[PDB]
file model-v2.json (JSON, C-alpha atoms)
[["chain", "number", "residue", "atom", "x", "y", "z"],
["A", 2, "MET", "CA", 7.32, 4.19, 0.48],
["A", 3, "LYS", "CA", 4.61, 4.03, 3.18],
["A", 4, "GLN", "CA", 1.89, 3.71, 0.45],
["A", 5, "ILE", "CA", 3.83, 0.94, -1.25],
["A", 6, "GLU", "CA", 4.31, -0.91, 2.06],
["A", 7, "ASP", "CA", 0.64, -0.50, 3.04],
["A", 8, "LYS", "CA", -0.44, -1.81, -0.39],
["A", 9, "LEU", "CA", 1.85, -4.85, -0.10],
["A", 10, "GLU", "CA", 0.37, -5.57, 3.34],
["A", 11, "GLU", "CA", -3.16, -5.29, 1.80],
["A", 12, "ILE", "CA", -2.19, -7.71, -0.93],
["A", 13, "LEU", "CA", -0.67, -10.04, 1.77],
["A", 14, "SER", "CA", -3.68, -10.11, 3.76],
["A", 15, "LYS", "CA", -5.93, -10.76, 0.75],
["A", 16, "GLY", "CA", -3.60, -13.55, -0.41],
["A", 17, "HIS", "CA", -4.06, -15.22, 2.99],
["A", 18, "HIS", "CA", -7.81, -14.92, 2.54],
["A", 19, "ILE", "CA", -7.53, -16.43, -0.93],
["A", 20, "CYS", "CA", -5.49, -19.38, 0.48],
["A", 21, "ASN", "CA", -8.21, -19.97, 3.11],
["A", 22, "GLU", "CA", -10.86, -19.91, 0.38],
["A", 23, "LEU", "CA", -9.03, -22.38, -1.80],
["A", 24, "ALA", "CA", -8.58, -24.65, 1.28],
["A", 25, "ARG", "CA", -12.29, -24.51, 1.88],
["A", 26, "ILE", "CA", -13.04, -25.33, -1.81],
["A", 27, "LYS", "CA", -10.60, -28.26, -1.80],
["A", 28, "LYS", "CA", -12.40, -29.74, 1.23],
["A", 29, "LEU", "CA", -15.88, -29.34, -0.44],
["A", 30, "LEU", "CA", -14.75, -31.10, -3.60],
["B", 1, "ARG", "CA", -10.63, -36.27, -12.14],
["B", 2, "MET", "CA", -11.76, -34.72, -8.81],
["B", 3, "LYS", "CA", -8.70, -36.02, -6.96],
["B", 4, "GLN", "CA", -6.53, -34.40, -9.69],
["B", 5, "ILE", "CA", -8.27, -31.04, -9.16],
["B", 6, "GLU", "CA", -8.02, -31.31, -5.29],
["B", 7, "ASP", "CA", -4.28, -32.04, -5.60],
["B", 8, "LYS", "CA", -3.87, -29.07, -8.02],
["B", 9, "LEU", "CA", -5.61, -26.82, -5.50],
["B", 10, "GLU", "CA", -3.22, -27.98, -2.79],
["B", 11, "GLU", "CA", -0.31, -27.11, -5.04],
["B", 12, "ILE", "CA", -1.72, -23.64, -5.82],
["B", 13, "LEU", "CA", -2.49, -22.70, -2.24],
["B", 14, "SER", "CA", 1.15, -23.89, -1.31],
["B", 15, "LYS", "CA", 2.57, -21.62, -4.08],
["B", 16, "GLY", "CA", 0.17, -18.88, -2.85],
["B", 17, "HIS", "CA", 1.51, -19.13, 0.68],
["B", 18, "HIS", "CA", 5.08, -18.96, -0.70],
["B", 19, "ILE", "CA", 4.21, -15.83, -2.76],
["B", 20, "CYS", "CA", 2.73, -14.18, 0.27],
["B", 21, "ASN", "CA", 5.90, -14.97, 2.26],
["B", 22, "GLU", "CA", 8.01, -13.46, -0.55],
["B", 23, "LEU", "CA", 5.87, -10.26, -0.59],
["B", 24, "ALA", "CA", 6.16, -9.93, 3.20],
["B", 25, "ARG", "CA", 9.94, -10.24, 2.79],
["B", 26, "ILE", "CA", 9.91, -7.51, 0.14],
["B", 27, "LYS", "CA", 7.75, -5.26, 2.33],
["B", 28, "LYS", "CA", 10.29, -5.65, 5.17],
["B", 29, "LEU", "CA", 13.24, -4.82, 2.96],
["B", 30, "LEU", "CA", 11.55, -1.79, 1.44],
["B", 31, "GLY", "CA", 10.94, -0.33, 4.91],
["B", 32, "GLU", "CA", 14.60, -0.56, 6.03],
["B", 33, "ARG", "CA", 16.40, 1.50, 3.38],
["C", 1, "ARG", "CA", 19.03, -3.99, -4.18],
["C", 2, "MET", "CA", 16.09, -2.17, -5.88],
["C", 3, "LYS", "CA", 16.73, -3.85, -9.22],
["C", 4, "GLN", "CA", 16.66, -7.23, -7.36],
["C", 5, "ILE", "CA", 13.30, -6.41, -5.77],
["C", 6, "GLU", "CA", 11.83, -5.15, -9.13],
["C", 7, "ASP", "CA", 12.95, -8.41, -10.81],
["C", 8, "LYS", "CA", 11.41, -10.53, -8.01],
["C", 9, "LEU", "CA", 8.10, -8.61, -8.38],
["C", 10, "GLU", "CA", 8.09, -9.40, -12.11],
["C", 11, "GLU", "CA", 8.67, -13.10, -11.26],
["C", 12, "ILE", "CA", 5.77, -12.98, -8.77],
["C", 13, "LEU", "CA", 3.61, -11.24, -11.37],
["C", 14, "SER", "CA", 4.22, -13.92, -13.87],
["C", 15, "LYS", "CA", 3.54, -16.70, -11.33],
["C", 16, "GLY", "CA", 0.30, -14.95, -10.16],
["C", 17, "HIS", "CA", -0.86, -14.70, -13.79],
["C", 18, "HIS", "CA", -0.07, -18.45, -14.25],
["C", 19, "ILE", "CA", -2.02, -19.24, -11.03],
["C", 20, "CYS", "CA", -5.02, -17.33, -12.23],
["C", 21, "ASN", "CA", -4.91, -19.17, -15.53],
["C", 22, "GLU", "CA", -4.85, -22.50, -13.63],
["C", 23, "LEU", "CA", -7.84, -21.50, -11.46],
["C", 24, "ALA", "CA", -9.79, -20.41, -14.56],
["C", 25, "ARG", "CA", -9.02, -23.86, -16.04],
["C", 26, "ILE", "CA", -10.28, -25.54, -12.85],
["C", 27, "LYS", "CA", -13.40, -23.42, -12.84],
["C", 28, "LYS", "CA", -14.13, -24.54, -16.42],
["C", 29, "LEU", "CA", -13.61, -28.23, -15.67],
["C", 30, "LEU", "CA", -15.80, -28.14, -12.53],
["C", 31, "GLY", "CA", -18.70, -26.67, -14.53],
["C", 32, "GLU", "CA", -18.66, -29.43, -17.23],
["C", 33, "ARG", "CA", -19.14, -32.58, -15.10],
["D", 2, "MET", "CA", -21.12, -26.28, -7.51],
["D", 3, "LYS", "CA", -22.33, -22.84, -8.76],
["D", 4, "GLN", "CA", -21.04, -21.43, -5.34],
["D", 5, "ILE", "CA", -17.63, -22.94, -5.95],
["D", 6, "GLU", "CA", -17.40, -21.62, -9.46],
["D", 7, "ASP", "CA", -18.56, -18.16, -8.48],
["D", 8, "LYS", "CA", -15.94, -18.11, -5.66],
["D", 9, "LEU", "CA", -13.18, -19.21, -8.12],
["D", 10, "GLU", "CA", -14.26, -16.40, -10.49],
["D", 11, "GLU", "CA", -14.16, -13.88, -7.58],
["D", 12, "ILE", "CA", -10.68, -15.14, -6.63],
["D", 13, "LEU", "CA", -9.11, -15.05, -10.12],
["D", 14, "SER", "CA", -10.79, -11.63, -10.61],
["D", 15, "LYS", "CA", -9.01, -10.38, -7.49],
["D", 16, "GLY", "CA", -5.82, -12.11, -8.60],
["D", 17, "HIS", "CA", -5.87, -9.97, -11.75],
["D", 18, "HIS", "CA", -6.29, -6.95, -9.56],
["D", 19, "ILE", "CA", -3.32, -8.03, -7.45],
["D", 20, "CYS", "CA", -1.18, -8.49, -10.58],
["D", 21, "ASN", "CA", -2.03, -4.91, -11.76],
["D", 22, "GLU", "CA", -1.14, -3.56, -8.33],
["D", 23, "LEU", "CA", 2.21, -5.38, -8.28],
["D", 24, "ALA", "CA", 2.90, -4.11, -11.80],
["D", 25, "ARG", "CA", 2.22, -0.53, -10.56],
["D", 26, "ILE", "CA", 4.51, -1.01, -7.57],
["D", 27, "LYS", "CA", 7.36, -2.37, -9.72],
["D", 28, "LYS", "CA", 7.11, 0.75, -11.84],
["D", 29, "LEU", "CA", 7.17, 3.11, -8.84],
["D", 30, "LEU", "CA", 10.30, 1.43, -7.45],
["D", 31, "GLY", "CA", 12.04, 1.78, -10.83],
["D", 32, "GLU", "CA", 12.42, 5.53, -9.91]]
call {"tool": "encode", "arguments": {"input": "model-v2.json", "output": "structure tokens"}}
result
Amino acid sequence: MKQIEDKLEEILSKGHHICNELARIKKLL
Amino acid sequence: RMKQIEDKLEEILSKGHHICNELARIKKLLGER
Amino acid sequence: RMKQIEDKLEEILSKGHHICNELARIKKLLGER
Amino acid sequence: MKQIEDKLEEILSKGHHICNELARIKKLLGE
């Protein structure tokens, strides 16, 4: 379970990064 | 055409935030039992 | 409870694949004009 | 423009990675 939970938190944190990137791209366009 | 793409990006990053919230919920549940 | 979480992960999977397809579409459009 | 495209390709790349990871996790929980 700890590996699953740590992987979901990794994916979480990358999804947040992806949302920030798409926000940045939207503003440039 | 550009306004359509900007609005689609806003939609996707909204859905992306929702997905992340759903995964955080799942992570919480999986740690309890 | 576990079956519910597995089914939700399959929903999220599907939605993430759809999102990627949408972004690939956007990437195509933005390179044309 | 090339910067934007290359970032979108990085992102959807990583999205495919995320989907494979979630598919792996679903299988593990199926136990």
call {"tool": "closest_atom_pairs", "arguments": {"input": "model-v2.json", "of": "chain A", "to": "stretch 15-20 of chain B", "cutoff": "9 Å", "atoms": "only C-alpha atoms", "output": "JSON lines"}}
result
{"residue": "A:12", "atom": "CA", "partner": "B:20", "partner_atom": "CA", "distance": 8.2}
{"residue": "A:13", "atom": "CA", "partner": "B:20", "partner_atom": "CA", "distance": 5.6}
{"residue": "A:14", "atom": "CA", "partner": "B:20", "partner_atom": "CA", "distance": 8.4}
{"residue": "A:16", "atom": "CA", "partner": "B:20", "partner_atom": "CA", "distance": 6.4}
{"residue": "A:17", "atom": "CA", "partner": "B:17", "partner_atom": "CA", "distance": 7.2}
{"residue": "A:19", "atom": "CA", "partner": "B:16", "partner_atom": "CA", "distance": 8.3}
{"residue": "A:20", "atom": "CA", "partner": "B:16", "partner_atom": "CA", "distance": 6.6}
call {"tool": "residues_around", "arguments": {"input": "model-v2.json", "residues": "residue D:32", "least_positions_apart": "4", "cutoff": "12 Å", "atoms": "only C-alpha atoms", "output": "PDB file with C-alpha atoms, in the coordinates of the input"}}
result
ATOM      1  CA  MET A   2       7.320   4.190   0.480  1.00  0.00           C
TER       2      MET A   2
ATOM      3  CA  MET C   2      16.090  -2.170  -5.880  1.00  0.00           C
ATOM      4  CA  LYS C   3      16.730  -3.850  -9.220  1.00  0.00           C
ATOM      5  CA  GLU C   6      11.830  -5.150  -9.130  1.00  0.00           C
TER       6      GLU C   6
ATOM      7  CA  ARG D  25       2.220  -0.530 -10.560  1.00  0.00           C
ATOM      8  CA  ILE D  26       4.510  -1.010  -7.570  1.00  0.00           C
ATOM      9  CA  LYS D  27       7.360  -2.370  -9.720  1.00  0.00           C
ATOM     10  CA  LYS D  28       7.110   0.750 -11.840  1.00  0.00           C
TER      11      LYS D  28
END
call {"tool": "interface_residues", "arguments": {"input": "model-v2.json", "of": "chain D", "to": "chain C", "cutoff": "7 Å", "atoms": "all atoms listed in the file", "output": "VMD selection string"}}
result
chain D and resid 6 9 13 16 20 23 27 30
call {"tool": "atom_distance", "arguments": {"input": "model-v2.json", "atom1": "atom CA of residue C:32", "atom2": "atom CA of residue D:15"}}
result
23.5 Å
call {"tool": "atom_distance", "arguments": {"input": "model-v2.json", "atom1": "atom CA of residue D:14", "atom2": "atom CA of residue A:15"}}
result
12.4 Å
call {"tool": "atom_distance", "arguments": {"input": "model-v2.json", "atom1": "atom CA of residue A:3", "atom2": "atom CA of residue B:25"}}
result
15.2 Å
call {"tool": "decode", "arguments": {"input": "model-v2.json", "residues": "stretch 9-26 of chain C", "atoms": "C-alpha atoms", "output": "PDB file, in the first residue's frame"}}
result
ATOM      1  CA  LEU C   9      -9.529   4.525 -11.474  1.00  0.00           C
ATOM      2  CA  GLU C  10     -10.786   3.065 -14.769  1.00  0.00           C
ATOM      3  CA  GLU C  11     -13.058   6.134 -15.179  1.00  0.00           C
ATOM      4  CA  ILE C  12     -10.082   8.430 -14.491  1.00  0.00           C
ATOM      5  CA  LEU C  13      -7.967   6.437 -16.947  1.00  0.00           C
ATOM      6  CA  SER C  14     -10.473   6.871 -19.663  1.00  0.00           C
ATOM      7  CA  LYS C  15     -10.857  10.619 -18.959  1.00  0.00           C
ATOM      8  CA  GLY C  16      -7.022  11.076 -18.891  1.00  0.00           C
ATOM      9  CA  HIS C  17      -6.758   9.289 -22.256  1.00  0.00           C
ATOM     10  CA  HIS C  18      -9.528  11.593 -23.641  1.00  0.00           C
ATOM     11  CA  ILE C  19      -7.645  14.656 -22.255  1.00  0.00           C
ATOM     12  CA  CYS C  20      -4.453  13.597 -23.916  1.00  0.00           C
ATOM     13  CA  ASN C  21      -6.276  13.133 -27.196  1.00  0.00           C
ATOM     14  CA  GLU C  22      -7.700  16.682 -26.869  1.00  0.00           C
ATOM     15  CA  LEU C  23      -4.239  18.170 -26.154  1.00  0.00           C
ATOM     16  CA  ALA C  24      -2.769  16.324 -29.154  1.00  0.00           C
ATOM     17  CA  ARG C  25      -5.583  17.843 -31.260  1.00  0.00           C
ATOM     18  CA  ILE C  26      -4.754  21.319 -29.904  1.00  0.00           C
TER      19      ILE C  26
END
